[PDB]
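There is one chain below, alone, in structure tokens, taken in the form deposited in one PDB entry.
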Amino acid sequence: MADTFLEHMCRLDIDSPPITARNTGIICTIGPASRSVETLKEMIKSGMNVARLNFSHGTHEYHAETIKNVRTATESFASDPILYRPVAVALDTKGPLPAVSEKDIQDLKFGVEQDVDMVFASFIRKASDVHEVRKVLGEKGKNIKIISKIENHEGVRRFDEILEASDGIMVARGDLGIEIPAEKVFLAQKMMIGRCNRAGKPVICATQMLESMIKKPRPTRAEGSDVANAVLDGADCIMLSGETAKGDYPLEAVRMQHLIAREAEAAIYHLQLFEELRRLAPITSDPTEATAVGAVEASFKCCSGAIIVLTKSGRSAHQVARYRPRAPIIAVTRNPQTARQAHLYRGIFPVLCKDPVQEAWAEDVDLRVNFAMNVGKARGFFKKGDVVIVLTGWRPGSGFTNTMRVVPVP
């Protein structure tokens, strides 16, 4: 509400409570210390959204035993449709030299077979590397998202063409810190989050985020600040590498990542952010992009508890996320793959609707809107009497999102 950024800082208060919604997603690496169906259930309850499998080490048989476990734990909560949370799987290729080695070709092939939701591609140096990965996945894996790991000086120098070729970006700070002067990594990180924010592409901040929590149940002051600063810069997700894989306190690390992220999302200077994104937004005759910027403006003005968006490809939810609302974006979808991929975008809380398609199309749209009202009350994002923004289209199918209603919570 402050007019300067300096006044905004000065007004920050450690007594003012945060909101119940977390906006930043959480990717955890699954290793030895978290592979168990019991430990996984606890991390899904602690707010893990994305289970990452590292194909540096292990056979295909070890990894397929990890994928079974992740899915078993996930489907354990499937009985209550209101409380179910979809969990994505991510494959992280070893990488290199050629863009795709012989090992990677078999791994990527195994990924399509095991039905992963995304691929983190290692050692991306140019757009033609991303085209090589996309070809190997084929037509069977055409709906798999490719996140390019930036890891060297040439990858940084040619960032713009890689971002145009990708589905999103991973600032992989470990390797980036080996191949450039460690004092410069913070600059590369901010440049890349800036540019991904402007394109509307998801950026993941990774590596040595909670490093001291491998051995001790509490982070250092630096680690608390680091996670919070990635969140304030505009990272879409944050990653836990060794902390979840090999350390002694997997759940504590996930719980610490949850707490920091809510707190830092309450320190964002949204008025300057929403403004700056708009003065950069191209005017077009696209209804969907107009409905979305309308919805974000409305939500500020009435301080809505949520933006509800009905989505098949997730595209309509991605566009709202682009404008960085303060309310959580509840995306309702019948497509299980769409619901898992949604975790990459800041703000989107996906909910998977299981109810069958009613004969009357307007009855079917009402069912899904109420479903999303139930989830929001259950999870405590809003209470009966609050105001929500619902976003829908004028006919069935993708690409027709045109309507925006301001409704009282039933």
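Numbers follow the displayed sequence, beginning with 1. Only the largest set of C-alpha atoms that superpose within 1.5 Å between the two forms is called the rigid core.
Counting the deposited residues that fall between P336 and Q337 and carry no coordinates gives zero.
Absent from the display: the form deposited in another entry. The rest refers to it.
For the listed set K142, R157, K215, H131, the sole C-alpha moving 2 Å or more between the shown form and the other one on a rigid core superposition is that of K215. Superposition of the core reveals a Cα shift of 2 Å or more for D226 between the shown form and the other one. In comparison with the shown form, the Cα-Cα distance of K215 and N54 increases by at least 3 angstroms in that other deposited form. In summary, the C-alpha positions of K216 and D236 diverge in that other deposited form, ending up at least 3 angstroms farther from each other than in this conformation.
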